[PDB]
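The form deposited without its partner chain is given below as one chain in structure tokens.
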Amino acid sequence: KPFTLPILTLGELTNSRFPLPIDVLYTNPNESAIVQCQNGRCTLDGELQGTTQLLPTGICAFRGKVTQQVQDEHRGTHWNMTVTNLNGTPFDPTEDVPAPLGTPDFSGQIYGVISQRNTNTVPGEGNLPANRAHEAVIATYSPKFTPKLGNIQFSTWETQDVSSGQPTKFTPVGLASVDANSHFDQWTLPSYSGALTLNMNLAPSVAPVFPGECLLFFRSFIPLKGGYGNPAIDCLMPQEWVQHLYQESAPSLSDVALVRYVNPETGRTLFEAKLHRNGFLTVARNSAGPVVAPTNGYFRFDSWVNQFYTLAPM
């Protein structure tokens, strides 16, 4: 079965690591961090890895139940919540995943909305349940962030109106802050089972192996609750590529596919890239920053090549 990519322009793609549209293609050859994100990880023959799942609505989302309000040193009102799988089934800690699928894969203060729909209904209200929602922050670097153990903590500005023992949903929206004290680092993984524990079942790190090459990212800018900053999240492949590769499950015929970024209105190749078996792109570029390219552009599979293939410089 022939390998293919979807025909989607950048303006038709979304981030696989946070629910955002793709804004720009991006390189950073001088990146010092090990790149080992866990969302947006899929092999070219369609094997999801890390914490990756198919739903755009599942990325950095949680489902579970608040247990009780808890004490915490930091500002705000804090709440412990057990987490289940996104489909509501109990998360089985013995499953070979780093954490429940969809769990955030970076250090930071993730800002969003906690909402609740009570289990118990009221006869006088037409047998309908009570609801509430509030802004919330999940600090993924916190010792209380233990999604692999089945529970996490979130903070609210709201001081009281969060109910114990009721079905709870976290909808991600952005970051609370990127001040130094908020520990945003998109390449630093959470400790999924808590401080001092080793993460397990990780999707592997990715890196260029060929001289002059660097990773190519699909970049999205992420909203902020407050403060200064223009934070970005870089994914290895957009969510639609994850979904496509999973559907197709085309056999990988080598370790590296040659792909061309094409302007369809002209049919011309803007640049070429290597699409690696483990699901990431490299290009021959020696600068950092956005790739400035016509809006109609998209990647097209050209051929399977090998480790010795030399890319045309961008």
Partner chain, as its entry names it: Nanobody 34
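Numbering follows the first chain given and starts at 1.
Not pictured, yet referred to below: the form deposited with its partner chain bound.
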Any non-hydrogen atom of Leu101 within 4.5 angstroms of its partner chain in the deposited bound form: yes
Can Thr94 be called a contact residue for its partner chain in the deposited bound form at 4.5 Å between heavy atoms? yes
Touches its partner chain in the deposited bound form: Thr67 (any heavy atom, 4.5 Å): no
Please determine whether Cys60 contacts its partner chain in the deposited bound form, using a 4.5 Å cut-off between heavy atoms. no
For the stretch 236-265, return the residues whose heavy atoms include at least one within 4.5 Å of its partner chain in the deposited bound form, in the order they occur. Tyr246, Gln247, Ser249
